[PDB]
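Just so we're on the same page: letters track the sequence lines, and every chain starts at 1.
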Amino acid sequence: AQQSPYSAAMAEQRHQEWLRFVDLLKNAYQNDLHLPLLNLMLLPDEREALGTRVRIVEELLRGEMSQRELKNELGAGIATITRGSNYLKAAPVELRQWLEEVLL
Amino acid sequence: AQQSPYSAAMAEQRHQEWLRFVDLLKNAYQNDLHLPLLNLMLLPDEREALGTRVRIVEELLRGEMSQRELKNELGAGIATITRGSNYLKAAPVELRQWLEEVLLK
Ligand SMILES: O=C(O)Cc1c[nH]c2ccccc12
Ligand SMILES: O=C(O)Cc1c[nH]c2ccccc12
């Protein structure tokens, strides 16, 4: 369905709400309140997922671990690897270049 | 030790992994790469949840929105309100007071 004014209005509000979170967390990092903020805003399993996703991204970029090793060690099965690979390919070049510098 | 070795070894790995994420995002903000990093690391529905949780926290601290309005505007039923309230109570007071300054003007 082509976006309607109702759906566009809701999407823009969600976008602004997201940016407000992003800026709140930016500020928290500047005031050394990011750790308690992240504990408030994210559940323990969500925090764990983020930690694991960094490893999945790292290992996809490194290219050394096999699919079976990614599944065993990171819990990342074939569909998770496909999605993570897609996210990497869709990322802007500046992000991919930086991730290569910092994670490898 | 608080935990047996198996559990402790898993917790230590998860802790390291969490700090790696925290540091990665810290540096992404400094490099203006936070938006694409968070798009990579979080699904659209997870990003939406975070945006909505900020509003729930804000409205809990503000005290003006009713229970019905929290549900109808922010999707937060009775149990969600209780959880969010509990998280706020457990947070350091320094964080709660900062959130009041920065979310409530
Ligand atoms: O697709 C998912 O299940 C969640 C997800 C979000 N960002 C990711 C990066 C790498 C691997 C998985 C994810
Ligand atoms: O408990 C939840 O459903 C998720 C959650 C994490 N932090 C929150 C802050 C306010 C409202 C909900 C949450």
Side-chain angles (χ1 to χ4, degrees), chain A residues 10-11 13-58 60 73-74 83-84 86-99 101-103, chain B residues 10-11 13-58 60 73-74 83-84 86-99 101-103:
Chain A
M10 291 295 186
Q13 284 182 99
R14 299 301 81 81
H15 181 61
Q16 292 304 318
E17 292 167 1
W18 169 243
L19 294 184
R20 186 179 192 198
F21 168 76
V22 171
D23 200 64
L24 182 68
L25 180 57
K26 183 188 296 179
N27 201 331
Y29 271 107
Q30 290 306 115
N31 288 254
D32 194 30
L33 287 173
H34 51 287
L35 293 177
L37 181 63
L38 292 162
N39 287 342
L40 167 59
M41 297 306 302
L42 289 159
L43 301 175
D45 289 349
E46 296 171 345
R47 298 191 307 262
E48 180 174 328
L50 288 165
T52 300
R53 291 167 191 182
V54 171
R55 294 188 63 192
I56 297 166
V57 166
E58 174 192 16
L60 285 172
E73 301 188 27
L74 306 182
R83 293 193 304 272
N86 287 339
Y87 309 150
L88 278 168
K89 189 171 180 178
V93 64
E94 296 89 357
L95 184 74
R96 261 199 319 285
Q97 288 176 347
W98 173 72
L99 288 170
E101 293 165 351
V102 307
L103 294 175
Chain B
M10 289 296 171
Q13 289 179 281
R14 303 302 84 86
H15 176 64
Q16 291 174 15
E17 292 162 7
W18 176 241
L19 293 195
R20 185 179 199 183
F21 170 77
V22 168
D23 172 82
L24 188 69
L25 179 57
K26 182 183 71 186
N27 293 326
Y29 275 112
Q30 290 299 304
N31 288 344
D32 201 27
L33 290 173
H34 49 287
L35 293 174
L37 180 61
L38 290 167
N39 286 340
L40 169 57
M41 292 300 165
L42 289 160
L43 298 173
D45 288 348
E46 297 171 341
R47 299 190 306 256
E48 181 176 325
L50 288 163
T52 297
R53 291 168 191 181
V54 169
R55 291 194 60 199
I56 295 166
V57 167
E58 180 187 15
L60 289 173
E73 298 181 39
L74 297 176
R83 293 196 303 283
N86 286 341
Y87 306 150
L88 280 170
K89 182 183 181 186
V93 176
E94 183 179 351
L95 178 68
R96 187 173 184 152
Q97 292 182 340
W98 179 80
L99 287 172
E101 296 209 76
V102 305
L103 294 177

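More than 12 non-hydrogen atoms from other residues, nucleotides or ligands lie less than 6.0 angstrom from CD of A/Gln16. Remark: B/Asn86 CG is packed, more than 12 non-hydrogen atoms of other residues, nucleotides or ligands lying under 6.0 Å away. In this structure, B/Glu94 places its CD atom where only 12 or fewer heavy-atom neighbours from other residues, nucleotides or ligands lie under 6.0 Å away.
In this structure, chain A has heavy atoms under 4.5 Å from both the backbone and the side chain of B/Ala28.
Contact record, A/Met41 with B/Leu50: O-CD2, 3.6 Å, taken as the closest heavy-atom pair. Scanning both residues, A/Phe21 and B/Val54, for their nearest heavy atoms gives CD1-CG2, 3.6 Å.
A distance of 4.0 Å separates CZ in A/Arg20 from CD in B/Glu58, rounded to the nearest 0.5 Å. Atom-to-atom distance recorded for A/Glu46:CD and B/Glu46:CD is 7.0 Å, nearest 0.5 angstrom. Atom CZ in B/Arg53 sits 13.5 Å away from atom CD in A/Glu17 (nearest 0.5 Å).
Across A/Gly51, A/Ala91, A/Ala90, A/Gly84, the residue that shares the most heavy-atom pairs under 4.5 angstrom with chain B is A/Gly51. Here B/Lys26 is the residue among B/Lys26, B/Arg14, B/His15 with the most heavy-atom pairs under 4.5 Å with chain A. Most heavy-atom pairs under 4.5 Å with chain A: of the set B/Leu103, B/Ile56, B/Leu19, this distinction falls to B/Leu103.
Looking only at side-chain heavy atoms (C-beta outward), A/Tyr87 and B/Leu42 stay at 4.5 Å or farther from each other.
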Cut-off 3.5 Å, no hydrogens considered: what does the side-chain donor-acceptor table look like for residues 29-40 of chain A, sequence neighbours left out?
{"residue": "A/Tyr29", "atom": "OH", "partner": "B/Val22", "partner atom": "O", "Å": "2.8"}
{"residue": "A/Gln30", "atom": "OE1", "partner": "B/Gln30", "partner atom": "NE2", "Å": "3.2"}
{"residue": "A/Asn31", "atom": "ND2", "partner": "A/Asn27", "partner atom": "O", "Å": "3.0"}
{"residue": "A/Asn31", "atom": "ND2", "partner": "A/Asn27", "partner atom": "OD1", "Å": "2.9"}
{"residue": "A/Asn39", "atom": "OD1", "partner": "A/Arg47", "partner atom": "NE", "Å": "3.3"}

